[PDB]
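Same chain, two versions here, written out as structure tokens and called structure 1 and structure 2.
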Structure 1
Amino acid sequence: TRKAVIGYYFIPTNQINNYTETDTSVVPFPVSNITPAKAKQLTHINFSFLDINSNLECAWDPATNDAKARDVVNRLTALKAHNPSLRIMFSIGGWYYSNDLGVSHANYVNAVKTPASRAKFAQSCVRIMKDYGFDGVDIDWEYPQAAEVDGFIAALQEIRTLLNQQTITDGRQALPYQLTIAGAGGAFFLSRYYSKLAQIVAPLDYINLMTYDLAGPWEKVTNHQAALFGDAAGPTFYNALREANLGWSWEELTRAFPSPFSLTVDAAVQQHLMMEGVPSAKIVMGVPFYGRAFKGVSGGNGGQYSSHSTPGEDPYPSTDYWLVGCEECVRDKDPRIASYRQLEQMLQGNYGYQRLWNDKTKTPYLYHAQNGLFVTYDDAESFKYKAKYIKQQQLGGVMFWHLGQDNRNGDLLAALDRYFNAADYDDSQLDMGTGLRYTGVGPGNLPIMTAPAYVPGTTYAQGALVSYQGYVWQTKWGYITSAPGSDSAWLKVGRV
């Protein structure tokens, strides 16, 4: 099974309305920059972002020039001439539209409320897909809360039904229409819907975990934003999942959700695999094509794990563009984010940066000794370890934000495709290091065990192991005369 390679294509409305493929000053990353070689290295392009309007329907930004928008999408779907497996998805949501404090948040809550609203919203998704020529629907609601999850589920189920019927109607058995979501990659947002992961993922082809932004100006201690494994010297976090409305016992919560823990990519993946009904092949690991920069950091450890003075507000509440050498930061008016393309040029232009490597997290980072700056980012080296992880854990593939942040040669995308598909690349001896692994155990990743069959009428001592109804159970205290599952005394510890 070929690994998915899902690249976001993001274009703001102003750039759509003024679209041109011959002037990077207006449109920095036109569709023409996606060469045939790059199209062949992708399996999915997530066009972004559409929204949910006050009519509770999928819709473009109301300021969008529809004729210019159709032309942009047509240029993307023309790329399928170079890659018969390529799908041009469209994404609904993103942080700006759909976060709790976002401009359109209430429309997401209201669209999934009722059977009538869900049917109307689901129909509009398929309509938009067919009217503009997209190959599937991606929903990036960041993020539905506990009371909204069941409606969110039924809406996804409704879209799945309509997409499957549309696949048959259009003869698309060879390339069926698909449904994906961007899912939270950290435990705090994940706890909103974690208990219902199985019913969320059931109608999806993939859940694309946003396993980045695990550090940012909203945290007082600098850190890697997409550490693969944990560094004991770095900060640790409250494991919010132990508070999810799971109904598990104290022992089950404790063994599944050690706290505090290292907020890493491996943690997010393992937390998903701990849940019953979440298959590894549907889990896609997100990676960032951008870095996050911090100022006012101290010395002694390359700027890692230090206090900082980076503004947290949105948008950037100043004109102080303090990321030395970041020309894109001036154009975008924000020194806290830098594309890999810009970071590469900052490393090549003598601005005082050093590129350092953390062999526990398996991620690079920049340090500016003279102005106290720290940048966490990913590159082709960190992608070696993440690609091997994807293969070892039998995940569905990789996702990234976004195509316009790769360098001009497309080195990041080419690296991902190479690590998955190149016949002359061999990572069998790649050293995954001694960084901290997430060691939680849950119902979905219980180890295989053997035990004598449970015998009704037997009195079991503390620590006894029995097999019953497909699982191996252990007594939590002594003098146990009840059957596993009928009591508080038995802990499910294994399967088969």
Structure 2
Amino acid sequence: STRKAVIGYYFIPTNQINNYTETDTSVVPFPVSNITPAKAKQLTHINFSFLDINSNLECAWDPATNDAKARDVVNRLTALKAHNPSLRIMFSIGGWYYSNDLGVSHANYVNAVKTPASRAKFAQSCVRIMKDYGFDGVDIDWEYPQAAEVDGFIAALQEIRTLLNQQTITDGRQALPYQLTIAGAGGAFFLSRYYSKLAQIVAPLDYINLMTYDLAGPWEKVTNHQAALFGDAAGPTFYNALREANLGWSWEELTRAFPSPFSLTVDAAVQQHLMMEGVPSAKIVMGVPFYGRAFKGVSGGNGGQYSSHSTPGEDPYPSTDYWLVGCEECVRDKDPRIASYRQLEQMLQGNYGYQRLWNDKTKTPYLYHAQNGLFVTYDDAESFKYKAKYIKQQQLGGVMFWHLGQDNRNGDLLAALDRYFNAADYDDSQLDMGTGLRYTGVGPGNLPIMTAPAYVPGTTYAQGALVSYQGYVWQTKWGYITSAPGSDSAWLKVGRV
């Protein structure tokens, strides 16, 4: 079996690069030296983040970056390749801060993909930056191009692919080609922006890393799991934005591919991607979070799940009240709404009042502070057993995560992921995926194999008539159909032969 990708983000703020040190945790919490040889071997990719697209419409580091210190940090990462011949140090362009619709550099993203000339100049800058700093690939994290910017985004990706494939030949990297990936939406709302052209977006990529997290948060009215694998009927449900994408499909087609409302889960994002033709499962990578989201002012009854709350949803945290008991990291980061798994693990074992609970439908853990009314949704080594089994069962390309500095000091989360995919003595054949809700949509990309008597010319077909014909099973949408399946909108293609 081909090894599953394990893609971890290495994120460092500009000021940390400008004051990089591997000997003062109060200045650089997570220096490159914390990525021991053992951890380097459990990773296949490290996404260095984040670079941006400047006003000159080229890939570039934050202008305030001390270049020499930046190269030194990157060199330290590249040196880890000594312990793992498959390791690739990618760099990520974008991220929410720089590129969301209201982010500071949004216009640059829109403008860089606008014309053949802007695209050429942009694609060149990505490869140049890649070669100059010694990176092994380009990862684009634009959150997210809108419907009109999509064809341009696609041309940009194709252009970068062309240049990278050329660079691979020029550098003798046939054995470890340069790669191209993007962080893709892991939720229908953002996904609906480019969904209709998913095949063209994925074609030039080695992997599309789904951000299947942040699926719940203080901006929503009711608390919920931010990365549930499957759905919980007792949990909130959402409008399936995909049924409104510019697909050109019929009512029937739209309805059967996009049930609404539905459970916003990791399984939903993966299955929605697999519903489209030309989106190979092997390129789909499941993103997981090494952090949890916290809410205050929750009620009792369901251990804090599906409750109203009083947590501010704006960025930055519009207050100075650090109410996440025991979360020291939250005080230094001035935000009690997010906490690394490292910090959560310490809070859990420090007698702070948290009770760890488990939702066996969503297959994810959660914390409930009954005394203060706090709820935290997060992921751990146990939820990763199911996600890892799903990744194997669905034949996905692998896993991705944000971010390395949030794992505990022993790197247990990374180690668990590596174990679930590669340990010869780990056996998950008896691991039960449970009865949580699965995404029920069916599209052109995942039609099931079926059998039905073959269409007989001359027969009058009633409503709901199933006849195999031309390599597909077709069903009539209404009665008195006497036409051949395929050239009358009265027929619905429902299966493969």
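Structure 1 provides the reference sequence; residues are numbered from 1 along it. Only the largest set of C-alpha atoms that superpose within 1.5 Å between the two forms is called the rigid core.
Of the two rigid parts that account for the shift between structures 1 and 2, the one holding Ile88 holds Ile181 as well. The chain behaves as two rigid units between structures 1 and 2, and the smaller unit swings by 19° against the larger after C-alpha superposition.
Core-aligned Cα shift between structures 1 and 2 at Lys476: this is 1.3 Å. Core superposition places the Cα of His82 0.2 Å apart between structures 1 and 2. At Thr459, the distance the Cα travels between structures 1 and 2 is 5.0 Å after the core is superposed.
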